[PDB]
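Numbering (the deposited numbering), first residue to last: 1 to 118. Each residue gets a CB set at the ideal place from its N, CA and C atoms; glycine is no exception.
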């Protein structure tokens, strides 16, 4: 079975510069202007059947805040499936969680924000 252009997805486009694909192929699904492409950056048609489709959602995280352990590496008014902020524990405190997070594609700071503890 051959593989023609993949179907549409969650508010996102597909196909780059072709139409077929047969098998062992992949398709980077495009997302609306401002939508982050989560999931494998390319579908996978293997046997006339497309598989492993990524998502096209929004990933504007809140703020990589934390208890006396802010990032201290690079913060911004807003983020998007990226902006990996490194968390710096204030003083004599340990980050309980993760000393390095990035605005994930789910509108948040993944991994969970660290908690400068003692």
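Let me confirm a value: residue i is counted as buried when at least 16 other C-beta atoms fall within 10 Å, else exposed. Which label applies?
i	result
residue 91	exposed
residue 120	One cannot answer for residue 120 here, as it falls past the ends of the chain, which runs 1 to 118.
residue 117	exposed
residue 21	buried
DSSP beta-bridge partners for residue i?
i	result
residue 95	116
residue 44	51
residue 23	46
residue 85	101
residue 37	56
Please identify the residue among the options whose C-alpha is closest to the C-alpha of residue i.
i	options	result
residue 3	11, 14, 12 and 24	24
residue 63	17, 41 and 111	111
residue 70	115, 46 and 16	115
residue 5	32, 43 and 82	43
residue 60	11, 8, 105 and 113	105
residue 80	9, 103, 19 and 20	103
residue 107	88, 31, 94 and 78	78
residue 93	76, 74, 109 and 68	68
residue 19	48, 32 and 88	48
Does the separation of the CB atoms of residue i and residue j fall below 8 Å?
i	j	result
residue 29	residue 13	yes
residue 86	residue 99	yes
residue 101	residue 84	yes
residue 10	residue 57	yes
Assuming residue i and residue j make a contact with CB atoms under 8 Å, what is their CB distance in whole Å?
i	j	result
residue 41	residue 54	6 Å
residue 125	residue 38	No statement about residue 125 is possible, as the shown extent of the chain runs from 1 to 118 and does not include it.
residue 27	residue 15	6 Å
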